[PDB]
Each structure stands twice: as C-alpha cells, then as structure tokens.
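Chemist: Reminder that position 112 of the sequence shown reads as 114 in the authors' numbering, one-by-one numbering, no gaps.
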Amino acid sequence: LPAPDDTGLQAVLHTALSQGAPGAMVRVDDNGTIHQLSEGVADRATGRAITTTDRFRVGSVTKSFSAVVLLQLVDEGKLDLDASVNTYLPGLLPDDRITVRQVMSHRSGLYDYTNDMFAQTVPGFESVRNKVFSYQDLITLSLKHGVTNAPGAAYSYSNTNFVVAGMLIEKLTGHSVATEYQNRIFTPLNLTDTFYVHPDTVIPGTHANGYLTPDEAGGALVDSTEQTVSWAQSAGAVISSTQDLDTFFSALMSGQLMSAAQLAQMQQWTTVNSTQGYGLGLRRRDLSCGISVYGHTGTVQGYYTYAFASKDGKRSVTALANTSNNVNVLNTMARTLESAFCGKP
Ligand SMILES: C[C@@H](NC(=O)CCCC[C@H](NC(=O)C[NH3+])C(=O)[O-])C(=O)O
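(1) Indicate the three-state DSSP secondary structure (helix, strand or coil) for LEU322 in the structure shown.
(2) Taking just the CA atoms, how far does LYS146 sit from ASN117?
(3) Pull up the CB-CB distance for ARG131 and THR230, whole angstroms please, since I reckon it's below 8 Å.
(4) Measuring straight from C-alpha to C-alpha, what distance separates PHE120 and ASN327?
(5) Can you determine whether any heavy atom of ligand 1 sits closer than 7 Å to the C-beta of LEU282, and answer yes or no?
(6) How far does the beta strand (DSSP E) with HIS298 in it reach, from first residue to last?
(7) How would you write the range of the alpha helix (DSSP H) that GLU172 sits in, first residue to last?
(8) Helix, strand or coil for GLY126, going by three-state DSSP, please let me know.
(9) I think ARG29 touches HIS37, with their Cβ atoms under 8 Å apart; what is that distance to the nearest whole Å?
(10) For a minimum of 4 consecutive residues, which ranges assigned as the alpha helix (DSSP H) are wholly contained in the region 96-145?
(11) In this structure, how does DSSP classify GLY10 when only helix, strand and coil are distinguished?
(12) For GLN104, count the other beta carbons within 10 Å of its own beta carbon; 16 or more makes it buried, fewer makes it exposed. Which is it?
(13) In this structure, does DSSP put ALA237 in helix, strand or coil?
(14) Looking at C-alpha atoms only, which residue of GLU228, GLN12, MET255, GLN267 is the closest neighbour of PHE127?
(15) From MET27, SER68, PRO125, pick the residue whose C-alpha is nearest to that of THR181; which is it?
(16) Counting pairs of Cβ atoms below 8 Å between the region 282-299 and the region 251-268, do you hit three or more?
(17) Does the beta-carbon of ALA51, which I'm using as the reference point, lie nearer than 7 Å to any heavy atom of ligand 1?
(18) Got a sec? Which residues, its chain only, sit under 6 Å from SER236 by beta carbon, not counting five neighbours each side?
(19) Apart from the five residues on each side of it in sequence, which residues of its chain come closer than 7 Å, Cβ to Cβ, to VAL274?
(20) Heavy atom of ligand 1 less than 7 Å from the Cβ of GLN303, yes or no?
(21) Between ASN330, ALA342, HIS16, which lies nearest to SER290 when the distance is taken from Cα to Cα?
(22) Between which residues of its own chain and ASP8 is the CB-CB distance below 7 Å, once the five residues before and five after are set aside?
(23) Do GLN21 and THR334 count as a contact pair if the criterion is CB distance below 8 Å?
(24) For the beta strand (DSSP E) that contains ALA309, what are its first and last residues?
(25) How should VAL204 be labelled, buried or exposed, when 16 other C-beta atoms within 10 angstroms of its C-beta is the threshold for buried?
(26) For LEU322, collect the residues of the same chain with a Cβ closer than 6 Å to its Cβ; drop the 5 residues on either side in sequence, then sort them by chain order.
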C-alpha cells in the first residue's frame, strides 16, 4: 500500500470543521504503525478538545457486528443463509420467501421505517430519543408499508433488515444481542472501549458529544449525545472507539472472526453504486487509486463514522466527525479513506 498521507488527513479534518463539524478525528493502524489526528471539540459548549480515544456512537457499523454474530451461527450449524426468515421467526414477514441472505444484503424489499421517523431531522430525533421499542415494534412499523421490491431483486438499504438480524440472533441463541456481541466479539478481541448498553442513554467513559445539524441552514446545533438508539438496536446502537473499530475490521478481514467460507459469503458483493458494493452487513468502497476497502459507515444523530480496512486487514482506518445531517461534512470525511489508503497525490 502507499504511505498514509497525514498532511492530507489534517486537511480533511480542517475542512470538516469549516463545514460545521465541531470536532473530527481519524486513526490509522498501518500494519503496526499508528497514525492519529484530531481537530476541534468533543463538547462545543465546554470547549473540551476531541481526541482519537473519545468514545462515540458508531451507528450502522453495528450492522457488521450483527452480521459477524449471524455468520458464526451459520458456522455452528444454527442458521442457513438461504432459509426463509419466517422459518426461524414464524409469522414475522408477510412473504415466507424472504431469506436471511436477502435481509443481510438489503435485497429483501423491507421498507425502512426510519424514513418515516426522520422526515424532519430534529423533531424526529426529539420523538425517538427517549423511546424504548421492542424489535417487533420496529418490524410492525416497517410492515405498515408494502415491500418496495420482490425478494432478492434490488438493493435497497433498510435498517429493518438489521432489526430482523437482532431478532434472529436473540431467537436462535436465547441470549440478548449485548451478550452475544460481548462473548463473540468484544471479549475475544479485547475491545475495551466497545459497548452495547441499549436502552441506556449514557455513553460510558470519556466521549465525544454528538451535535445534530438542524434542517434549517444556519440553525443552532442540537446536542444529540444521550439517546436510547432504541429505534436501531442491532442496526445501529454500538458504542466504540477508533482503536477498537480498527481492531474489529482488521480481525474480520484477516480471517479471525468466522470460517473462511463464511467470510467469503460476507464478501459476495451486491452493487450499490459504480464505486460501492454491499455484502452481508459489510460495505466495499472503491478508492480513486484502484484500491478497494471493506467495512462500514455509520450516521446516528450527531455522529458520522467511516471504519474500513484493506482486504487482508493489515491497514485499518476509523474516522469520526461529531455532527450529522450535514452532507458537506459526510462527503469530506470520506476523503480520510483516500488519504489513508491512497496516500499523497
Ligand atoms: C442506519 C443508521 N442510521 C440511520 O438510519 C440514521 C437516519 C437518521 C439520521 C439523521 N438524518 C435525518 O434525520 C434526515 N432527516 C442524521 O443525519 O442524523 C443506524 O441506524 O445506525
């Protein structure tokens, strides 16, 4: 790989601040040599500086943790990716032909209930932030809508898919998703900054606060740090750090978290766009210099995450900006992957 470009990373973070991120940071684990940069504030009201050890909400990076648990259950003979969801969760979906593989790759057609919840950014956040939902509650909210396409037919990202994922984990194991994440992933990899505390609203330890950008241009930011994330759960509620997401995606890609067979299934790409694929709870992004990287993005209120590793896991990068609903910042933070994997122009 090219050398990571720290001057480029510095410029990405500085641009993100200029576009409304209170703080932005990145950590690269380059085959045992660390790069770490941060700019701005973890708490914009107290002025406390952001750092690469601050914990944060990783949003949809949680889908990869859910997918790893499910794929270990496939290795254990407890789950068949081509069986119907309703085989394990009887009566759950209106179509008994929607399969586990289709849910995990967003080809199921299930409508994403979060498009109803967040049609208005700040009112929607205020509506869900202190709610506790069951898994079934969120499925029922999706099922009020029809499906959007035939099973397996079309990629359509939907949080509903990884609500089904959490239901499958709990039904087939008899344990909570927190217990399964802890025993299968967090403890074996010693991810000491990684937690699943739903429905608790506190982020353990020193953390970046999240700042939700309102829909009104120029409007005051909303502190969105403390919320249940119950509207996402196994689709979005993990808390972690840049070092722990680097360790997780490096372990995944280097073959430490499941059989080779199941990692290959995880990397069967469905097209997302001309430079992106989606596997089983896993994203592929194709970078300008002809390198592809593997991992997941996250976007929970107040936090944008990118966590991606090279194909063999030897270089991993995690970047965080503590705002959301700010597409300038989201697009800018993606450039950390270019600087960290493609290096200087
Ligand atoms: C899938 C992933 N997150 C979401 O689905 C966030 C959707 C609302 C984000 C919100 N945007 C809006 O409210 C748009 N009106 C924002 O940018 O914070 C997860 O569950 O981890």
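Backbone N, C-alpha and C fix where the C-beta goes; we use that ideal spot for every residue, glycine too.
Modeler: Taking the coordinates as given:
(1) Locating residue 322 in the sequence shown gives position 320, counting from the first residue. Residue state, collapsed to three classes: strand.
(2) Position 115 of the sequence shown, counted from the start, is the residue given in the question as residue 117. Position 144 of the sequence shown, counted from the start, is the residue given in the question as residue 146. Going from the Cα of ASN117 to the Cα of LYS146 covers about 13 Å.
(3) Position 129 of the sequence shown, counting from 1, holds the residue named residue 131. Position 228 of the sequence shown, counting from 1, holds the residue named residue 230. The pair is a contact, with the Cβ atoms about 7 Å apart (cut-off 8 Å).
(4) Within the sequence shown, the letter at position 118 stands for residue 120. Within the sequence shown, the letter at position 325 stands for residue 327. Going by the C-alpha atoms only, they are around 11 Å apart.
(5) Position 280 of the sequence shown holds residue 282. No, the Cβ of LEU282 stays beyond 7 Å of every heavy atom of ligand 1.
(6) Translated into positions along the sequence shown, residue 298 becomes position 296. That run of the beta strand (DSSP E) goes 294-300.
(7) Here the question's residue 172 lines up with position 170 in the sequence shown. Residues 161-175.
(8) Here residue 126 is taken as the residue at index 124 of the sequence shown, counted from 1. Helix, per DSSP.
(9) The count along the sequence shown starts at 1 and reaches residue 29 at position 27. The count along the sequence shown starts at 1 and reaches residue 37 at position 35. Rounded, the Cβ-Cβ distance is 7 Å, consistent with contact.
(10) 102-106, 116-119, 123-130, 137-145
(11) Numbered from 1 along the sequence shown, position 8 holds the residue referred to as residue 10. Of the three classes helix, strand and coil, the one that applies to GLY10 here is helix, per DSSP.
(12) Your numbering for residue 104 matches position 102 in the sequence shown. It counts as buried.
(13) On the sequence shown, position 235 is the one that residue 237 refers to. Residue state, collapsed to three classes: helix.
(14) If you number the sequence shown from 1, residue 127 lands on position 125. Of the candidates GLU228, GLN12, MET255, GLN267, the one whose C-alpha sits nearest the C-alpha of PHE127 is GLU228.
(15) The sequence position of residue 181 within the sequence shown is 179, counting from 1. Cα-wise, what sits closest to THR181 is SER68.
(16) yes
(17) One-based indexing of the sequence shown puts residue 51 at position 49. No.
(18) Here the question's residue 236 lines up with position 234 in the sequence shown. So the qualifying residues of the chain are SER68, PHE164, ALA167, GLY168, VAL179.
(19) Translated into positions along the sequence shown, residue 274 becomes position 272. Here the set comprises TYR157, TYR280.
(20) Translated into the one-based positions of the sequence shown, residue 303 becomes position 301. Yes, the Cβ of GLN303 comes within 7 Å of a heavy atom of ligand 1.
(21) Position 288 of the sequence shown, counted from the start, is the residue given in the question as residue 290. The shortest C-alpha separation from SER290 is found at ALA342.
(22) Here residue 8 corresponds to residue number 6 of the sequence shown, with the count starting at 1. Once the five neighbours on either side are set aside, the close Cβ partners of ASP8 are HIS37, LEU39.
(23) Within the sequence shown, the letter at position 332 stands for residue 334. Within the sequence shown, the letter at position 19 stands for residue 21. Yes, they are a contact pair.
(24) Here residue 309 is taken as the residue at index 307 of the sequence shown, counted from 1. Where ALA309 is concerned, the enclosing beta strand (DSSP E) stretches over 306-311.
(25) In the sequence shown, counting from the first residue as 1, residue 204 sits at position 202. Label assigned to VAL204: exposed.
(26) Indexing the sequence shown from 1 puts residue 322 at position 320. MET27, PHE58, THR307.
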